[PDB]
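Just structure_19.csv here, CSV, C-alpha atoms:
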```csv
chain,number,residue,atom,x,y,z
A,1,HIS,CA,21.4,-17.2,7.6
A,2,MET,CA,23.6,-20.0,9.1
A,3,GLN,CA,26.2,-21.9,7.2
A,4,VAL,CA,25.3,-25.6,7.3
A,5,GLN,CA,29.0,-26.7,7.5
A,6,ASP,CA,29.1,-24.8,10.9
A,7,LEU,CA,25.8,-26.4,12.2
A,8,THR,CA,26.0,-28.5,15.3
A,9,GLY,CA,24.2,-29.9,18.4
A,10,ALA,CA,20.5,-29.2,19.0
A,11,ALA,CA,20.6,-26.7,16.1
A,12,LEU,CA,21.7,-29.4,13.7
A,13,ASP,CA,19.3,-31.9,15.2
A,14,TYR,CA,16.4,-29.4,14.7
A,15,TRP,CA,17.2,-29.0,11.0
A,16,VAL,CA,17.4,-32.8,10.6
A,17,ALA,CA,13.9,-33.0,12.2
A,18,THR,CA,12.8,-30.4,9.7
A,19,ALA,CA,14.3,-32.0,6.7
A,20,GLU,CA,12.6,-35.3,7.9
A,21,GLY,CA,9.1,-33.9,8.0
A,22,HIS,CA,8.8,-34.2,11.8
A,23,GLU,CA,5.9,-32.3,13.4
A,24,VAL,CA,6.5,-29.4,15.8
A,25,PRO,CA,10.2,-29.6,16.0
A,26,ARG,CA,12.0,-27.3,18.5
A,27,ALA,CA,15.4,-26.9,20.0
A,28,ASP,CA,16.7,-25.7,23.3
A,29,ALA,CA,20.0,-25.6,25.2
A,30,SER,CA,18.8,-28.9,26.6
A,31,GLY,CA,18.2,-30.6,23.3
A,32,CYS,CA,15.9,-30.9,20.3
A,33,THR,CA,12.5,-32.4,20.5
A,34,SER,CA,9.9,-33.4,17.9
A,35,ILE,CA,7.0,-35.5,16.9
A,36,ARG,CA,8.2,-38.2,14.6
A,37,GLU,CA,5.0,-40.2,14.5
A,38,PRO,CA,1.7,-38.5,13.7
A,39,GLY,CA,-0.7,-38.4,16.7
A,40,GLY,CA,2.5,-38.6,18.9
A,41,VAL,CA,4.2,-36.8,21.8
A,42,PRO,CA,7.4,-34.7,21.9
A,43,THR,CA,10.5,-36.9,22.2
A,44,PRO,CA,14.2,-36.2,22.3
A,45,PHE,CA,15.9,-36.3,18.9
A,46,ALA,CA,19.7,-36.1,18.6
A,47,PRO,CA,20.6,-37.7,15.3
A,48,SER,CA,23.9,-35.8,15.2
A,49,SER,CA,25.2,-37.4,18.5
A,50,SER,CA,23.0,-40.4,19.4
A,51,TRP,CA,23.5,-43.5,17.3
A,52,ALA,CA,20.0,-44.7,18.1
A,53,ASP,CA,18.6,-41.7,16.2
A,54,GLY,CA,21.2,-41.0,13.5
A,55,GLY,CA,21.9,-44.6,12.8
A,56,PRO,CA,18.6,-45.5,11.2
A,57,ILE,CA,18.6,-42.4,9.1
A,58,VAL,CA,22.0,-43.2,7.7
A,59,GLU,CA,20.9,-46.7,6.7
A,60,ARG,CA,17.5,-45.5,5.3
A,61,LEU,CA,18.5,-42.4,3.3
A,62,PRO,CA,20.4,-43.0,0.1
A,63,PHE,CA,23.9,-42.5,1.6
A,64,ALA,CA,26.3,-43.9,-0.9
A,65,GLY,CA,29.6,-43.4,1.1
A,66,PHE,CA,31.6,-42.2,4.1
A,67,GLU,CA,35.3,-41.6,4.3
A,68,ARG,CA,37.9,-40.7,6.8
A,69,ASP,CA,41.4,-40.8,5.4
A,70,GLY,CA,43.8,-42.9,7.3
A,71,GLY,CA,40.8,-44.0,9.5
A,72,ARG,CA,41.4,-40.8,11.5
A,73,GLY,CA,40.1,-37.2,11.6
A,74,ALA,CA,37.2,-35.7,9.6
A,75,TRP,CA,34.5,-37.7,7.8
A,76,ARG,CA,32.9,-36.8,4.5
A,77,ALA,CA,29.5,-38.1,3.6
A,78,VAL,CA,28.0,-38.6,0.2
A,79,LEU,CA,24.4,-39.0,-0.7
A,80,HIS,CA,22.2,-39.4,-3.9
A,81,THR,CA,25.6,-37.1,-5.1
A,82,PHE,CA,25.1,-34.2,-2.6
A,83,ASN,CA,28.2,-33.8,-0.1
A,84,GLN,CA,29.5,-32.2,3.3
A,85,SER,CA,32.1,-32.9,6.1
A,86,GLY,CA,32.3,-33.2,9.9
A,87,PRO,CA,34.3,-34.4,12.9
A,88,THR,CA,32.0,-37.4,13.4
A,89,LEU,CA,30.3,-39.7,11.1
A,90,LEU,CA,26.8,-38.6,12.3
A,91,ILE,CA,27.6,-34.9,12.1
A,92,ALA,CA,28.9,-35.3,8.5
A,93,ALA,CA,25.9,-37.4,7.6
A,94,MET,CA,23.4,-35.0,9.1
A,95,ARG,CA,25.0,-31.9,7.6
A,96,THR,CA,25.0,-33.6,4.2
A,97,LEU,CA,21.3,-34.4,4.7
A,98,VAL,CA,20.4,-30.9,5.7
A,99,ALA,CA,22.5,-29.4,2.9
A,100,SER,CA,20.8,-31.5,0.1
A,101,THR,CA,17.4,-30.4,1.5
A,102,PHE,CA,18.2,-26.7,2.1
A,103,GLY,CA,21.5,-25.9,0.5
A,104,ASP,CA,24.6,-24.2,2.0
A,105,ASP,CA,22.5,-21.9,4.1
A,106,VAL,CA,19.6,-22.3,6.5
A,107,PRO,CA,17.2,-19.6,8.0
A,108,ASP,CA,17.7,-18.4,11.5
A,109,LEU,CA,14.5,-18.8,13.4
A,110,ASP,CA,14.6,-19.0,17.2
A,111,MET,CA,14.0,-22.7,17.6
A,112,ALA,CA,11.5,-22.5,20.5
B,1,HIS,CA,35.3,-73.2,11.2
B,2,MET,CA,32.9,-70.4,10.2
B,3,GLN,CA,33.3,-68.1,7.3
B,4,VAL,CA,33.3,-64.6,8.7
B,5,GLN,CA,31.5,-63.2,5.6
B,6,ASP,CA,28.5,-65.5,6.6
B,7,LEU,CA,28.6,-64.4,10.2
B,8,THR,CA,25.4,-62.8,11.6
B,9,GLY,CA,23.3,-61.9,14.7
B,10,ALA,CA,24.3,-63.0,18.2
B,11,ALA,CA,27.2,-65.1,16.6
B,12,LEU,CA,28.7,-62.0,15.0
B,13,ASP,CA,28.0,-60.0,18.2
B,14,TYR,CA,29.9,-62.6,20.2
B,15,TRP,CA,33.0,-62.4,18.0
B,16,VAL,CA,32.9,-58.6,18.2
B,17,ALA,CA,32.9,-58.9,22.0
B,18,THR,CA,35.8,-61.2,21.7
B,19,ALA,CA,37.9,-59.1,19.3
B,20,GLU,CA,37.2,-56.2,21.7
B,21,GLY,CA,38.6,-57.9,24.8
B,22,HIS,CA,35.3,-58.2,26.6
B,23,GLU,CA,35.2,-60.5,29.6
B,24,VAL,CA,33.0,-63.6,29.7
B,25,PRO,CA,31.3,-63.1,26.4
B,26,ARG,CA,28.5,-65.5,25.5
B,27,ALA,CA,25.8,-65.9,22.9
B,28,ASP,CA,22.4,-67.3,22.9
B,29,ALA,CA,19.3,-67.4,20.7
B,30,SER,CA,18.2,-64.5,22.8
B,31,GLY,CA,21.3,-62.4,22.2
B,32,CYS,CA,24.9,-61.9,23.1
B,33,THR,CA,26.0,-60.7,26.6
B,34,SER,CA,29.4,-59.6,27.9
B,35,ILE,CA,31.3,-57.7,30.5
B,36,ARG,CA,32.6,-54.6,28.8
B,37,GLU,CA,33.9,-52.9,31.9
B,38,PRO,CA,36.1,-54.8,34.4
B,39,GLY,CA,34.4,-55.5,37.7
B,40,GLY,CA,31.1,-55.3,35.8
B,41,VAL,CA,27.9,-57.3,35.1
B,42,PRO,CA,26.6,-59.1,32.0
B,43,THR,CA,24.9,-56.7,29.7
B,44,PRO,CA,23.4,-57.2,26.2
B,45,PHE,CA,25.7,-56.4,23.3
B,46,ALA,CA,24.4,-56.2,19.7
B,47,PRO,CA,26.9,-54.1,17.8
B,48,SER,CA,25.8,-55.7,14.5
B,49,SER,CA,22.2,-54.4,14.9
B,50,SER,CA,22.0,-51.8,17.7
B,51,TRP,CA,23.4,-48.4,16.8
B,52,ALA,CA,24.0,-47.6,20.4
B,53,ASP,CA,26.6,-50.5,20.5
B,54,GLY,CA,28.0,-50.6,17.0
B,55,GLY,CA,28.1,-46.8,16.6
B,56,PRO,CA,30.8,-46.0,19.1
B,57,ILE,CA,32.9,-48.8,17.7
B,58,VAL,CA,32.7,-47.5,14.2
B,59,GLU,CA,33.8,-44.0,15.3
B,60,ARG,CA,36.6,-45.3,17.6
B,61,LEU,CA,38.2,-48.0,15.5
B,62,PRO,CA,40.3,-46.8,12.6
B,63,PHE,CA,37.6,-47.3,9.9
B,64,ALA,CA,38.7,-45.3,6.9
B,65,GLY,CA,35.6,-45.8,4.7
B,66,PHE,CA,32.1,-47.2,3.9
B,67,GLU,CA,30.5,-47.4,0.6
B,68,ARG,CA,27.1,-48.5,-0.9
B,69,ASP,CA,26.9,-47.9,-4.6
B,70,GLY,CA,24.0,-45.8,-5.7
B,71,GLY,CA,23.2,-45.4,-2.0
B,72,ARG,CA,21.5,-48.7,-2.2
B,73,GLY,CA,22.2,-52.4,-1.4
B,74,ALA,CA,25.3,-53.8,0.2
B,75,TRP,CA,27.9,-51.9,2.2
B,76,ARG,CA,31.7,-52.5,2.2
B,77,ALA,CA,33.8,-51.3,5.1
B,78,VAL,CA,37.5,-50.5,5.1
B,79,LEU,CA,39.7,-50.3,8.1
B,80,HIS,CA,43.5,-49.7,8.8
B,81,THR,CA,43.4,-51.5,5.0
B,82,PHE,CA,41.6,-54.8,6.1
B,83,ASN,CA,38.1,-55.2,4.2
B,84,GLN,CA,34.6,-57.1,4.2
B,85,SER,CA,30.9,-56.6,3.1
B,86,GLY,CA,27.4,-56.8,4.4
B,87,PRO,CA,23.7,-55.9,3.9
B,88,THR,CA,23.9,-53.2,6.6
B,89,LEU,CA,26.6,-50.7,7.6
B,90,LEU,CA,27.0,-52.3,11.1
B,91,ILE,CA,27.2,-55.8,9.8
B,92,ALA,CA,29.8,-54.9,7.2
B,93,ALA,CA,31.7,-52.9,9.8
B,94,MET,CA,31.6,-55.7,12.4
B,95,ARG,CA,32.6,-58.4,9.9
B,96,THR,CA,35.5,-56.3,8.8
B,97,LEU,CA,36.5,-55.9,12.4
B,98,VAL,CA,36.3,-59.5,13.2
B,99,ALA,CA,38.1,-60.4,10.0
B,100,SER,CA,41.1,-58.2,10.6
B,101,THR,CA,41.4,-59.7,14.1
B,102,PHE,CA,40.8,-63.4,13.2
B,103,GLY,CA,41.0,-63.7,9.4
B,104,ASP,CA,38.5,-65.2,6.9
B,105,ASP,CA,37.7,-68.0,9.5
B,106,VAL,CA,36.6,-68.3,13.0
B,107,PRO,CA,36.5,-71.3,15.5
B,108,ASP,CA,33.2,-72.9,16.2
B,109,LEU,CA,32.8,-73.1,20.0
B,110,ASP,CA,29.4,-73.4,21.4
B,111,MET,CA,28.9,-69.8,22.7
B,112,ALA,CA,27.3,-70.6,26.0
```

As structure tokens, what does this structure read like?
Amino acid sequence: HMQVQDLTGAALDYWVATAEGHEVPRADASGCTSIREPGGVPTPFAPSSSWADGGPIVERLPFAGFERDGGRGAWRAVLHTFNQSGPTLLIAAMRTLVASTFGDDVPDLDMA
Amino acid sequence: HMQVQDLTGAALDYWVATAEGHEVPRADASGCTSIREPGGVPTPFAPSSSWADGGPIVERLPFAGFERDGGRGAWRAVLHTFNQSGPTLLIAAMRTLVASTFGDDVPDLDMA
């Protein structure tokens, strides 16, 4: 198993694709790819680092709050109330998402 | 004058370009454009609606918090502590930014 709090990069992206019901998600050293839209094609998916991907999730999912004391350092996301932290807003958000879907731990398949 | 709380779209984008020290910012019905990087060219800038533009600002500026009660409805951003609300996370963030730079009101130049 893998501690969600320690999850990052394409591995975290992969688990967000999974929690989001994406088809054929996979992850590589180069990045995570998935099929978001049924009858689609594999497209890059980096919600933990690309605002274009993580942004819309943050607005859509029931996130209720984000906080970074003194406007500096780590962020801590809250959802509807299931919670986790990270160095970035996206990372904290994504880990919180994954955690509320799969808990503190996540299976360790090879993602390719 | 224009109430910042009522500021939206390319008008809000324009005032974010301004608060951010962008060169030759302007706004049109089609969008806001600016020169972010000295010795640059006019590029679209929609931090209030595009995650790619607003995202990095949110992470960089000293935002200390965001909250949307019950993970639904309006958002309220907090900075370092200068505060305003909006229907989206980006809008709330951007208005908060503009407000701490220029206050509750903003001049009304034609933006082109």

- For chain B, list the residues within 6 Å of chain A, counting only C-alpha atoms, and write the list as a list in words.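 Written out as asked, the residues are residues 51, 52, 55, 62, 63, 64, 65, 66, 67, 68, 69, 70 and 71 of chain B.
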
- Who sits within 9 Å of range 98-100 of chain A, all atoms listed in the file, same chain under 4 positions skipped, as a list in words: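 Neighbouring residues, sequence-local ones excluded: residues 4, 5, 12, 15, 16, 18, 19, 79, 80, 82, 83, 84, 93, 94, 104, 105 and 106 of chain A.
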
- Neighbours of residue 22 in chain B within 9 Å (all atoms listed in the file; same-chain residues fewer than 6 positions away dropped), as number ranges by chain? B: 16, 34-38

- For CA of residue 33 in chain B and CA of residue 14 in chain B, quote the distance in Å rounded to one decimal.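 Computed distance, CA of residue 33 in chain B to CA of residue 14 in chain B, equals 7.7 Å.
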
- Item | Nearest residue to residue 20 in chain B from the set B:86, B:40, B:47, B:107 (distances using only C-alpha atoms) |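 When distances to residue 20 in chain B are compared using only C-alpha atoms, the smallest one comes from B:47.
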
Can you patch up range 27-44 of chain B, filling it in to N, CA, C and O atoms, and show the result as a compact mmCIF listing (two decimals), keeping the file's coordinate frame?
```
# COMPACT_ATOMS: atom_id res chain seq x y z
N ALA B 27 26.86 -66.13 23.89
CA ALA B 27 25.80 -65.90 22.90
C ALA B 27 24.74 -66.99 23.01
O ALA B 27 24.98 -68.19 23.12
N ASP B 28 23.53 -66.52 22.78
CA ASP B 28 22.40 -67.30 22.90
C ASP B 28 21.40 -67.01 21.79
O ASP B 28 21.67 -66.12 20.99
N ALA B 29 20.30 -67.73 21.69
CA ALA B 29 19.30 -67.40 20.70
C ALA B 29 18.66 -66.08 21.00
O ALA B 29 18.12 -65.43 20.12
N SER B 30 18.72 -65.71 22.28
CA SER B 30 18.20 -64.50 22.80
C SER B 30 19.06 -63.29 22.57
O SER B 30 18.59 -62.17 22.51
N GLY B 31 20.37 -63.52 22.46
CA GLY B 31 21.30 -62.40 22.20
C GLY B 31 22.68 -62.73 22.76
O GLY B 31 22.93 -63.83 23.28
N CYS B 32 23.58 -61.77 22.59
CA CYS B 32 24.90 -61.90 23.10
C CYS B 32 25.05 -61.02 24.34
O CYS B 32 24.43 -59.95 24.44
N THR B 33 25.80 -61.50 25.33
CA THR B 33 26.00 -60.70 26.60
C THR B 33 27.47 -60.75 26.88
O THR B 33 28.19 -61.65 26.47
N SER B 34 27.94 -59.71 27.57
CA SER B 34 29.40 -59.60 27.90
C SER B 34 29.59 -58.69 29.08
O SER B 34 28.65 -58.11 29.62
N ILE B 35 30.85 -58.58 29.45
CA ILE B 35 31.30 -57.70 30.50
C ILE B 35 32.28 -56.79 29.80
O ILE B 35 33.35 -57.22 29.40
N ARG B 36 31.84 -55.56 29.56
CA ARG B 36 32.60 -54.60 28.80
C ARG B 36 33.63 -53.97 29.77
O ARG B 36 34.82 -53.90 29.47
N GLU B 37 33.10 -53.52 30.91
CA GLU B 37 33.90 -52.90 31.90
C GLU B 37 34.32 -53.79 33.07
O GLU B 37 33.47 -54.38 33.71
N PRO B 38 35.64 -53.94 33.31
CA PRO B 38 36.10 -54.80 34.40
C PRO B 38 35.39 -54.51 35.73
O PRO B 38 35.02 -53.37 36.02
N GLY B 39 35.14 -55.57 36.48
CA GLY B 39 34.40 -55.50 37.70
C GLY B 39 32.91 -55.20 37.42
O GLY B 39 32.19 -54.68 38.27
N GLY B 40 32.45 -55.55 36.21
CA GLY B 40 31.10 -55.30 35.80
C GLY B 40 30.09 -56.46 35.86
O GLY B 40 30.34 -57.46 36.50
N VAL B 41 28.97 -56.30 35.16
CA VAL B 41 27.90 -57.30 35.10
C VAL B 41 27.52 -57.62 33.64
O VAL B 41 27.79 -56.83 32.72
N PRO B 42 26.96 -58.82 33.40
CA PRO B 42 26.60 -59.10 32.00
C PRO B 42 25.55 -58.23 31.46
O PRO B 42 24.50 -58.09 32.07
N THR B 43 25.84 -57.60 30.33
CA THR B 43 24.90 -56.70 29.70
C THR B 43 24.75 -57.11 28.21
O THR B 43 25.66 -57.67 27.61
N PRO B 44 23.56 -56.87 27.65
CA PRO B 44 23.40 -57.20 26.20
C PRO B 44 24.37 -56.41 25.33
O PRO B 44 24.80 -55.30 25.67
```
